[PDB]
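In the block that follows, a single chain appears as structure tokens, in the form deposited in one PDB entry.
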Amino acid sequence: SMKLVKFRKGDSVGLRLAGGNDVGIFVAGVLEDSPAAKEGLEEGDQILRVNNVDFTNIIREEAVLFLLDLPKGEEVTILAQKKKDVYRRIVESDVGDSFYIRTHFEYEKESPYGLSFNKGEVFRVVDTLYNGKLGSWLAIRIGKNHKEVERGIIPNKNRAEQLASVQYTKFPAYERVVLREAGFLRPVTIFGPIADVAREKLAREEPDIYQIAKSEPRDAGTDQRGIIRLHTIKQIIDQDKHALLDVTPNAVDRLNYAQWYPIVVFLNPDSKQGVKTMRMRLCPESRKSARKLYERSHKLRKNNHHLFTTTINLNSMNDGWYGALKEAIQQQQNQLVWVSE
């Protein structure tokens, strides 16, 4: 049975909140005498709606700030319901919040209970008011095989967006993500010292599935080696074919932002000599230095590994990498992708 209470606010609404978006916001306690205590509200009640706002799927931090932000002297209306069956079992288990975020900045733990991260890591956030205060989020790291590897504290979004500003992407510090299946053929970026051979090879031998996207003209005073437009890519997606892209790491990030999440394959070199041996076998004409090509891929892995979707280790002695690339691409295509909510 529902309760609908109506009262004026004085200094505070006079409530302590538990739960979160995965279970509901529950009344953890009432300050005595208060107009909210007067109108019936008590421990164990789920807050369903406040004023004109739905509280059934709001994160705990957001609910606290909303009740804080309410003007004193003015009228508050609350839909609630006694659900002691569930509030009691919000105490046995941690359960409160549950949603996923992607990090778009580097953070180093400020405590041994903290969690460090690089760009692109994903987290299940389980508590938006660690220790009943604002400042930290309790969260679980998600990496390989989508498994919960580690649990610990991180900054709340407010501090995060602020910690991230000391790096001036179009991305927010924390973005809300969720798992989806690609309803289209994902563009394919290939990095490493065999990428150019791989792009040409895939397009040449398997033109039915793959297509190279044409580069725009070269910008004056660059390196003498052009960006690709969203229109050029979209038009290739428009005919159930994988767009092969020769683009920079940042273009990949802009592509991630425009929700086109390309399959990003890094072909990891064997050695300097192994690169030459593969060069001699696959493109004996090419004038590109095996030295530079090897240093480029290490520098690129050094600074942009977060953008890698998959990795294939090159064995100079064979061209098994090709067959492995074909399979890696189709594998990635059928994978769930963490997508902006």
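One-based numbering along the sequence shown. We call the rigid core the largest set of C-alpha positions that still match within 1.5 Å between the two forms.
Missing here is the form deposited in another entry; even so, the following discussion is about that form.
Peer 1: For a quick test of reading the superposition: does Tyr100 move by 2 Å or more at the CA between the shown form and the other one, rigid core aligned?
Peer 2: No, its C-alpha moves less than 2 Å.
Peer 1: For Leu129, state whether the C-alpha moves by 2 Å or more between the shown form and the other one after rigid core superposition.
Peer 2: The answer is no; the displacement is under 2 Å.
Peer 1: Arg89: with the rigid core matched between the shown form and the other one, does its Cα shift 2 Å or more?
Peer 2: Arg89: C-alpha displaced by 2 Å or more between the shown form and the other one.
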